[PDB]
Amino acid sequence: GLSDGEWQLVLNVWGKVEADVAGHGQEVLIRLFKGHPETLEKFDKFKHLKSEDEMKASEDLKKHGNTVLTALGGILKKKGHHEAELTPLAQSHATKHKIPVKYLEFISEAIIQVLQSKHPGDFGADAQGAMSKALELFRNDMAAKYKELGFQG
């Protein structure tokens, strides 16, 4: 449900993430886990991190943040015509990783916070509104797929 100009604002600030995907991805998962501690409990591999300093040092957390934002970028570049990219993620998150839809709101919040924290000058009011709409469209489509698969949306 985005306009073409709102997709361009999203893809233009996504270019800042592409200049450093793993660094943004690491900061998103740290913000997700420090903001909403219960999300960390879905990651069996990341329990042992008892602090933001242990999370910062974890090369596996950084590698997983990289994988997370590389997939999200694949989804955003499709501008809404993203069913083929979205399906595999809704499949794996609804079944194997046991992620509720609400946790998707939390990581959406962490992404905006990261973008605002790292690019305050480039991520103004128009870019913010457009990225919020993009992440809402992703969340909504993820939830519709979960319902299709027999899960709570």
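A residue's number is simply how far along the shown sequence it sits, counting from 1.
A.B. asks: Higher average CA B factor in the deposited record is what I'm after, so tell me if that's 141 to 149 or 12 to 20.
C.D. replies: 141 to 149 has the higher mean C-alpha B-factor.
A.B. asks: Going by the mean C-alpha B-factor recorded in the entry, which is higher: 110 to 118 or 85 to 93?
C.D. replies: Result of the comparison: 85 to 93.
A.B. asks: At the C-alpha atoms, which of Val68, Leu29, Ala57, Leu49 reaches the highest B-factor in this entry?
C.D. replies: Highest C-alpha B-factor among the listed residues goes to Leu49.
A.B. asks: For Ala125, does the deposited CA B-factor place it in the lowest, middle or highest third of the chain?
C.D. replies: Its C-alpha B-factor belongs to the lowest third of this chain's values.
A.B. asks: If you rank the chain by CA B-factor, which third does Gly74 end up in: lowest, middle or highest?
C.D. replies: It falls in the middle third of the chain.
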